[PDB]
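See structure below.
The numbers here are math on the coordinates, done by the rules we state, and not lab data. Methodologically, a virtual Cβ is constructed for each residue, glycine included, from the backbone with ideal geometry; neighbour enumeration extends over all protein chains shown.
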Amino acid sequence: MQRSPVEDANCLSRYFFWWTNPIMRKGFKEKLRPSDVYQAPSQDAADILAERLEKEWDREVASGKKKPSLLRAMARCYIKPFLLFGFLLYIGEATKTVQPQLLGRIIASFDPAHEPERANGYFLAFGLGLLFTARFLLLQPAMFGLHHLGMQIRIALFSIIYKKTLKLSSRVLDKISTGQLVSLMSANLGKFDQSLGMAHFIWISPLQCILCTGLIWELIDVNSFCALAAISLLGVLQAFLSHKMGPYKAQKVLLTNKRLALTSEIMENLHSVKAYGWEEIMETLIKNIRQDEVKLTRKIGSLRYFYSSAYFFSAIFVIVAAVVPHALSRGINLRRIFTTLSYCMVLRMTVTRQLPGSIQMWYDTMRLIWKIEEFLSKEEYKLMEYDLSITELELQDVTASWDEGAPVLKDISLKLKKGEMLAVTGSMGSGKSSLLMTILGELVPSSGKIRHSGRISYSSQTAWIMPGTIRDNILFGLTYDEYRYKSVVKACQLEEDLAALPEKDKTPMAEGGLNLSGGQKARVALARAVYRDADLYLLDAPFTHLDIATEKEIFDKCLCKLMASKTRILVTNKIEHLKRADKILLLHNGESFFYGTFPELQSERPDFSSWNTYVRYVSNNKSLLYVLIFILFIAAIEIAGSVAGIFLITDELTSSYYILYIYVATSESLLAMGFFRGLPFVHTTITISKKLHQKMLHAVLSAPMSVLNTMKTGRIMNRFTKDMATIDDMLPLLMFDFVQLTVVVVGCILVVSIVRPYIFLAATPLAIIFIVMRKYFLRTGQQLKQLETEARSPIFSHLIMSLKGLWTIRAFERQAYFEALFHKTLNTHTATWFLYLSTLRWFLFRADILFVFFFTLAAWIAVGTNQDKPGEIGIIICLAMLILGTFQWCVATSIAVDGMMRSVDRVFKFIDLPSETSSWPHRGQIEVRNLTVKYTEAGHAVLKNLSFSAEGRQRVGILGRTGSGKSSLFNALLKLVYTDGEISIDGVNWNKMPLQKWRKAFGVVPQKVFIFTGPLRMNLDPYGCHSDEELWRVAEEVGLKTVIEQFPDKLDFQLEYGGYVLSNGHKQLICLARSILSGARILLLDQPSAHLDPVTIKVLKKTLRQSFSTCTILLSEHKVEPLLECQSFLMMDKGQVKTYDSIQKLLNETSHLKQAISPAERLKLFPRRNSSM
Ligand SMILES: Nc1ncnc2c1ncn2[C@@H]1O[C@H](COP(=O)(O)OP(=O)(O)OP(=O)(O)O)[C@@H](O)[C@H]1O
Ligand SMILES: Nc1ncnc2c1ncn2[C@@H]1O[C@H](COP(=O)(O)OP(=O)(O)OP(=O)(O)O)[C@@H](O)[C@H]1O
Ligand SMILES: [Mg+2]
Ligand SMILES: [Mg+2]
């Protein structure tokens, strides 16, 4: 990307935006790409703004205040431009205050007498033009500069909070939810930048209004005292309505946050939710809180209507309060009423528009500043000091607990030398991870000293994968090597299956490694830890998804031979690992039973324990069209009354002009939308949003997996978060306001033109010139905006991803790397945003300069060919001056509404997203022949020529090497992937049946468990069509009853996503309980014994096999002891399945990839008949 031309440019160029010319011209001809857009300017880059603000905050915190404030630190580095651009806004708006007099002098000097003055018109008219043009010359650069400042504020705050959250402690990290932290940023991103202009009026409006009322006080009469009182009542009425919005608006945002949290859950675990068949249920779950939300929006909109309507209706009321009282005292003045009128309106504008919008921001921003200040002042993580003098780890009397400092760990003692491996072991929730967390330095111990050498590696229990390549995750910062890398891949047994992929290496992985298998994520995450050089290695249960063979090989080659002379701590429950290892550690409820060698354990007493966009929008709701006709017809007859109404006065009455000023001044109220006229528009434009949301959610949730796995979570979520909240909240009032301003201006321009026709002559040429200039901007800008909104998604997806696997980032000390990566994703965004914002200012500035030509040629053409002896064509200068003052505000909306309307197309893409359009037999007979499955169309084959059969209600066993396709078979059976064959059930297939009914036949328990936010009632049965004792029966049946009884509100216990409330094993136990209640013939089981103890499986199988009495089951496990119960067996090979009756046949037919792998305990029972001859 070439450097930004803004730096290498003239002042005159940067002021008038001449540098923008090429990028517009290129955008006009052809379509733009992310390659085409410029680099960000060097002044407002990420690294400089962060380094700036942090210093002032550091010293402000370091000074030792009673309460450190962010404003005091912030103000010291942003005061200079704020006041400098602020001064221009004051002198700019102060221009208005002197308009009444200059306007008032020419209209005064119209009819004093015929002869005294000639020059007065032209001099003061040219002066009015000079004074007018001085304003927007003075005013426009201030806005741009002051916006651009707000961008520099927001980039610094995103940077410093990210730097903070990366070093935030684990005790407090669990308390803070991710959704609210993201949603805090997602709302502000755009709004906060643009909002500063309104906020600067907090001292402008009070200073101006006192000077304004001081000048209108030149009216001695109490008449003036009556006139101003109309502004005060309106002003308090405005702020009164803003109060009533508060409790409704505040209560709604909370109710929104529930939905955005739930949509994030359902769409992250989108693979599982389809397999059960929970579309309409989830749609219903979303529809309730959605139904509750819209009810409040109606009230927020209805109050926000009168907020707008009271402003437009007040022109009639305010104007009569000046003139009619003055009729009592020294009546019908020559020129004082016009001055008074102009002072009355400019005052009204300030109280109605500026000051509420000013105190709107300051009241909002202080709470934002309070929360960030609170967030920056939280518990900080301590980095481990590295020193070489210590060579082996030392613990003594370690006691520790989460959120209290009963204890999690209690008085641990262990003494490990260099070049030794320890074996941690125990039951569910014994505290095996917490011991690693204390050694790691994440959890701080309360009473007990813990000492070690600094550098540590760590492999997590739930392995996570970065967005990039397999190489990137294995290397993970460190440089590439020839045989180091290869020895790790060879040792970790990741070489064969990696070669089998379509691309050899460097496969671009989706969110969380969905394109990789369950076991591969463990081995790649292992390899990561193996590849680096460190003193201590912590492997927290790496062999949970691996086979017996791969485990055996990895344990012999990788753990023993390759890591020889490295200290290891491995979590496991296998006799052979415990036997080979040096020292054992047996936890139980946070306290240790035994600590020593294996023969010493045996000598002890416990022997062995274990228009297209608009037409589609309007046509979605026909009720809005029946309103749209009403607005056009009434406005036309409202116009008809004014056209005819003037002539009645003009005929009775050269000097038929001063009434035209009052009409133009009074126009807004005459052409306003009444109570019956305006409210139906707001009602219909809400109801459309309720449907338009409900259509999208249904369309997105029912689509094929190849299309869904193409898209990331953020790309989808960005439609729900921003674009839906835009069309919900903002669009109704802006689309209301747009019609008003067009009807007023177009209505007014026609009727002022009908009198004195040749004023129309000036407007014909440039209006079309203006419309061309708009179409010139809209081609390049609107297109550039869509790039900016896509550039928003990588920020939050990078933020939220960082919080999931933060524990590793700390272990590998890669925090600075992620900051650098985070700034790159910002700089690409701000480049786009800065460019777009500049191209808007070009158009906005060109709109004003274009206005000067209309004005002067209207002045030049409107002139006496003969002697204009009344003169004062200046009054036409005055009529044009005021009417087109609001035209800038009318245009200002035109860009906002149109650009914001293009967010609707993004929804319309998702609505039109490609999708798929007797008693079911007790006989659970299933056969498959010549099946072939593929994930991506026109890609590689995962299965090829698969053929097998299962007997009616028979127990079948599936085996195979890790990454053979055991899950993909279940995806093929359930139709989540492309297939070529004929799967049969009772001599029936999908020829007649739809997918819905085909899905209800099965009972799934997937690899990845899915437990969403809500109570256990909603988890165990989302429909809600079961008895309590029926739920208690299955809780006893599964072997999950007691652990529920220990909780408060036993069955209505608030269960969060992730967390620590239930252990991993319990999440499987829940996932089984789903399939109990499902009531299906066929059951698909993808590794039930994942994080289950040997003790739990025996008590499971005892009671579980009487529940599943009359139903077929398809198991797929690496553990043998759960598997050996079932009848038939089938193994998965390179291509296809080959079947066997018994284990004796299976293991002997298999070529010692399982026979020589199973331990002496199964070789006790297996060779019993041969050896016991
Ligand atoms: N990060 C955490 N924050 C707060 N509490 C936690 C955290 N991790 C675990 N806990 C709680 O403390 C207990 C410690 O058990 P822990 O999960 O360490 O045992 P474990 O052997 O790692 O579990 P598993 O057998 O599932 O691997 C858990 O039962 C849980 O309730
Ligand atoms: N979502 C996916 N998209 C594309 N390819 C996939 C996907 N999931 C798996 N694969 C491919 O299929 C192979 C293994 O499939 P699968 O995950 O069904 O095996 P598995 O038996 O479930 O693995 P494990 O035994 O580790 O659980 C891998 O080599 C992988 O490339
Ligand atoms: Mg654990
Ligand atoms: Mg699998």
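Mind checking Rg over Rh on the chain, alpha carbons, Kirkwood formula for Rh?
Values: Rg = 37.5 Å, Rh = 35.5 Å.
Ratio of gyration radius to Kirkwood radius: 1.06.
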- Task: Going by C-beta contacts inside 10 Å, put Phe647, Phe887 in order with the fewest on the left.
- Result: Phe647, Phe887
- Note on the structure: Computed over the Cα atoms of region 1-110, the Rg and Dmax in Å are 22.8, 69
- Message: Net charge around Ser4, counting only other residues with Cβ within less than 14 Å of its Cβ (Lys, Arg = +1; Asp, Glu = -1)?
- Response: -2
- By average Cβ neighbour count within 10 Å, what is the ranking of 430-437, 110-117, 311-318 from highest down? 430-437, 311-318, 110-117
- Task: For region 388-508, just the Cα atoms, rotate onto the principal axes and tell me the three extents in Å, largest first.
- Result: 53, 33, 25
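Averaging the inverse of every distinct alpha carbon separation and then flipping it gives the Kirkwood radius. What is it for region 512-605, in angstrom units? Before the final figure, lay out each step's value.
Details: mean 1/r = 0.0668 Å⁻¹.
Taking the inverse mean of 1/r over all distinct Cα pairs, region 512-605 comes out at 15.0 Å.
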- Item | Among 148-159, 501-512, the order from most to least packed when residues are scored by Cβ within 10 Å on average | 148-159, 501-512
- Message: I want to check a number: in region 990-1059, how many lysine pairs have alpha carbons closer than 28 Å, given a sequence separation of 8 or more or different chains?
- Response: 7
- Query: At what distance in angstrom do the alpha carbon centres of region 597-658 and region 267-303 lie from each other?
  - Reply: 20
- Note on the structure: Amide H neighbours of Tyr978 at under 5 Å, excluding residues fewer than 5 places away on the same chain, with H built from the backbone geometry, are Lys934
- Query: Each residue of region 201-216 in order: what ³J(HN,Hα) in whole Hz does its phi give by Karplus 6.51 cos²θ - 1.76 cosθ + 1.60, θ = phi - 60°, with x for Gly and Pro?
  - Reply: 6, 4, 9, 6, 4, x, 5, 6, 5, 5, 5, 5, 5, x, 7, 6
- Query: What is the packing order of peptides 122-133, 827-838, taking the mean over residues of other C-beta atoms within 10 Å and listing the highest first?
  - Reply: 827-838, 122-133
- Quick one, what does Rg over Rh come out to for region 198-323 if you take C-alpha atoms and the Kirkwood Rh? 1.28
- Query: In Å, what is the Rg of the alpha-carbon atoms in region 319-418, and how long is Dmax?
  - Reply: 36.4, 106
- Which value at 222 nm does the chain reach when only helices count, each DSSP H run of 4 or more adding -39,500 (n - 2.57), with the total divided by all residues and rounded to the nearest 500 deg cm²/dmol? -19000 deg cm²/dmol
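Do any GluC sites (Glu not before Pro) in region 937-994 lie in a DSSP loop with no more than 10 other beta carbon atoms within 10 Å, and if so, which?
On the way: sites: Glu937, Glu951, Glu982; in loops: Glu937, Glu951, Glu982.
Counting only loop positions with at most 10 other Cβ atoms within 10 Å, the GluC sites (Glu not before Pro) in region 937-994 are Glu937.
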- Restraint check, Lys415/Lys1119; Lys31/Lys690; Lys432/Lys521; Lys249/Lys287, Cα-Cα greater than 31 Å: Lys415/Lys1119; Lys31/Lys690
- Note on the structure: If each part is reduced to its alpha-carbon centroid, region 916-985 and region 824-877 end up apart, in Å, by 69
- Over all directions, average the projected area of the Cα convex hull of region 1088-1173 and note it in nm². 7.3
- Task: Average the reciprocal distances over every distinct pair of alpha-carbons in region 931-1076, invert the result, and give the Kirkwood radius in Å.
- Result: 18.1
- Message: Straight-line reach only, C-alpha to C-alpha below 19 angstrom: list the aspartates and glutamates that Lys934 could link to, leaving out same-chain residues fewer than 8 apart.
- Response: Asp497, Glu503, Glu916, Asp980, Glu982, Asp1133
- Extending each Cα 7 Å along its Cβ direction at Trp203 and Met1, get the distance between those two points in nm, one decimal. 3.7
- Message: From the phi angles alone, apply the Karplus equation (6.51, -1.76, 1.60; θ = phi - 60°) to region 393-402 and give each ³J(HN,Hα) in whole Hz, x where the residue is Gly or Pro.
- Response: 6, 9, 10, 7, 6, 7, 10, 7, 8, 6
- Message: What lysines does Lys80 reach when the alpha-carbon gap must be under 30 Å and sequence neighbours fewer than 8 apart in one chain are set aside?
- Response: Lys55, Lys65, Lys66, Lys67, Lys96, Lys163, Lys164, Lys191, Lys371, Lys824
